[PDB]
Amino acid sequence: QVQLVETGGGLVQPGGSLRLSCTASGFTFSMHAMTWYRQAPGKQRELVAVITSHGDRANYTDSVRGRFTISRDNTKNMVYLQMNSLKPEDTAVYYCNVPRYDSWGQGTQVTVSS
């Protein structure tokens, strides 16, 4: 079965930084586009970033552009989300997703607060 496991969340100050990881198994990861989504309380889930199978090109939602970077390691079968210059508005559960199947992990929590 497709399995995605996210980690790396935490509580950080405004302006701070976290690195999220997604460990993928159960599918030919190297040949799949991957995504990160997030869902904040009282809001719908939203796509944060998408990355090509090779890892060379990415698209971002407007609110995170220039601050977040999606990347991947196809040897380790991992996707990463580097979250820099964090803001309270970024507080949410962040989910790794395989768009081919709309597969989701259980998520990791990011809280940005003073």
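Note that residue numbering begins at 1 and tracks the sequence as displayed.
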Checklist entry - Given the B-factors recorded for C-alpha atoms, which segment has the greater mean, 38 to 46 or 71 to 79? => result 38 to 46
Checklist entry - Going by the deposited entry, which of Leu11, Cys96, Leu20, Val93 has the highest CA temperature factor? => result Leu11
Next on the checklist: Looking at the temperature factor on the CA atom of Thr111, which third of the chain's modelled residues does it land in?
Outcome noted: middle
Item to check | Among modelled residues of the same chain, the CA temperature factor third for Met31 | outcome: highest
